[PDB]
């Protein structure tokens, strides 16, 4: 059993004034709230028990959007981050939720797309000891956790936002952990409690799997107003080309058989007037390979 955490603790003042009224992870990417994308990621990894961590202020808005998850065959719980004291704090806040189980942490503002993404998630989820992370070639590795590889393609170092990156390989905001993570997190000293320190702890124990997320995958940037807009245009282009949605949670739950035709039809009813509800209706009758 692997449990999911979505860290949706806003973005401080970075995207103000756009994010003054509402948390970053409730802003739409094209046609759906940002959080639908990482939620859909956990769902594709087969995870149904998910903790959403947000600000005290925005927890009710996340709860109004997503409920307890029962409508999508999920169990959603909620926890608050009073102060953004690092990503690794997710494991202390989430300690009781995690218990003795395996976990996956996804950032609430990370968008993924591509062929065999389910297999890339599957390989990390099946490793039931140590930690699994993904390395993706980016233009601006200095913004991220950077992985250095030896001539043999083995991961040998992790640096958080290095001014002189050793590679162009950034660690994506998707992390798989065994039962050691909470204890590793409790022993961290502030630099913020750094996720890169958690990942370096596993690396030093020789228990960090670093899989390449290939250039054929899109790992999208929602860090700036410019990149948020590009992410919107990217999803819009795919969806209007295909007549298929990216990270429609109702669709993923239906295809995982976590909800049946009758439940999906009920979810379509109140959205029947717009394209999203019409999309859910079409899913009941169409064969999609």
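Positions refer to the first chain, counted from 1.
Chemist: Can you tell me how many deposited residues have no coordinates between residue 191 and residue 192? The categories are none, 1 to 3, 4 to 9, and 10 or more.
Modeler: Gap between residue 191 and residue 192: 1 to 3 unmodelled residues.
Chemist: Identify the stretch, either 121-129 or 141-149, whose C-alpha atoms have the larger mean B-factor according to the entry.
Modeler: Of 141-149 and 121-129, the stretch with the higher C-alpha B-factor average is 121-129.
Chemist: Comparing 211-219 with 79-87, which stretch shows the greater average C-alpha B-factor in the deposited entry?
Modeler: Between 211-219 and 79-87, it is 79-87.
Chemist: Which third of the chain holds residue 206 when residues are ordered by C-alpha B factor: lowest, middle or highest?
Modeler: Tercile = highest for this residue's CA B-factor.
Chemist: Where does residue 240 sit by CA temperature factor within its chain: lowest, middle or highest third?
Modeler: Bottom third by C-alpha B-factor.
Chemist: Using the B-factor values recorded in the entry, state whether the Cα atom of residue 288 falls in the lowest, middle or highest third among the modelled residues of its chain.
Modeler: Residue 288: CA B-factor falls in the middle third of its chain.
Chemist: Should residue 154 be placed in the lowest, middle or highest third of its chain by the C-alpha B factor in the entry?
Modeler: Residue 154: CA B-factor falls in the highest third of its chain.
Chemist: Among the modelled residues of its chain, does the C-alpha B-factor of residue 195 lie in the lowest, middle or highest third?
Modeler: Middle third of the chain for residue 195's C-alpha B-factor.
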